[PDB]
2 protein chains.
Amino acid sequence: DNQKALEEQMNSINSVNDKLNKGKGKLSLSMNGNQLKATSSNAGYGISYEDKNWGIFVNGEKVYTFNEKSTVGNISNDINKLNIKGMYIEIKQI
Amino acid sequence: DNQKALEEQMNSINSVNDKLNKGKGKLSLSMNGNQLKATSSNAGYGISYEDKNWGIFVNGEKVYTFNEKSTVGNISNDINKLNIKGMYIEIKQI
């Protein structure tokens, strides 16, 4: 019944999922349309990756902010709790 | 062949199209997935509507900015030239 996740999920959430992670620590994310889910270790976390910034935007609005040192692994954890969404973009009205 | 416009167009571009215009001047927009197109008169333009701001965001990024006094009609004109897009949202990478 909750399978509706896929629909809300867009191949884009894939490249990204793998993007936000290219050598940090031991972290494995999962792709759920409106949710992210991962687990990780903070041993070799974002090493080569000094203190760099990331910014996520939903409906064209922030939705979560983390640094590369903050080792998202730790973060993305809490984050997922905001059960992101799939496809929403927009315009602001006065 | 260019009909592909619809596909790129999302019912959302509708409510919006009508939103950004609820009593300004004489302006009639058209809905083309990646393009907006309208024509207008600057007689009774954004009257009741003093100087208010609007902000459009694509991929979750600005794409065009106009005030309510600037009478978009005049603006939206030039604007459309950036042939907007349909559905794109995102995240920023360092």
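Check each of the trypsin sites (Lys or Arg not before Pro) in chain B and keep only those in coil by DSSP with at most 15 other C-beta atoms within 10 angstrom; list them in order.
Those satisfying the criteria are B:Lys22, B:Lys52, B:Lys69, B:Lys81, B:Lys85.
Hey, for A:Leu6 with labels 7 Å out along Cα-Cβ, what do the inter-copy distances come to in nm, ordered shortest first?
Distances to the matching label points in the other copies: 2.6 nm.
Below 8 Å between Cα atoms, with a sequence gap of 6+, how large is the relative contact order for chain B in percent?
Details: 156 pairs, mean separation 26.4, N = 94.
Computed over chain B, the figure is 28 percent.
How far is B:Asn83 from the same spot in each other copy, in nm, shortest first, if each label point sits 7 Å from Cα toward Cβ?
With the label placed 7 Å along Cα→Cβ, B:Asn83 yields 4.0 nm.
Add +1 for every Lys or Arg and -1 for every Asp or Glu among the other residues with Cβ under 15 Å from the Cβ of A:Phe57, and state the total.
Overall, the nearby charge balance is +2.
Taking only DSSP H segments of four or more residues, each worth -39500 (n - 2.57), what value at 222 nm results for chain B once the sum is divided by all its residues, to the nearest 500 deg cm²/dmol?
-6000 deg cm²/dmol
Which is farthest toward the positive dipole end of the protein assembly as shown among A:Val16, B:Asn83, A:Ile79, measuring Cα position about the Cα centre, with Cβ charges +1 (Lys, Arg) and -1 (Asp, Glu)?
With unit charges placed on the Cβ atoms, the residue in question is A:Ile79.
Can you list, shortest first and in nm, the gaps between the label point of A:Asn53 and those of its counterparts in the other copies, using a point 7 Å from Cα in the C-beta direction?
Listed shortest first, these distances are 1.8 nm.
When A:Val72, A:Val16 are ordered from fewest to most other Cβ atoms inside 10 Å of their Cβ, what list results?
Ranked by crowding around the Cβ, least crowded first: A:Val16, A:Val72.
Once you have the alpha carbon radius of gyration of chain B, what is it after dividing by 2.2 N^0.38 Å, with N set to its residue count?
1.13
For the protein assembly as shown, report the % of Cα-Cα distances exceeding 29 Å.
The share of Cα pairs beyond 29 Å in the protein assembly as shown comes to 38 percent.
Here Cβ is always computed from backbone atoms with ideal geometry, including for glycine, and neighbour counts include all displayed protein chains. Throughout, read-outs are computed from the coordinates displayed, never taken from laboratory work.
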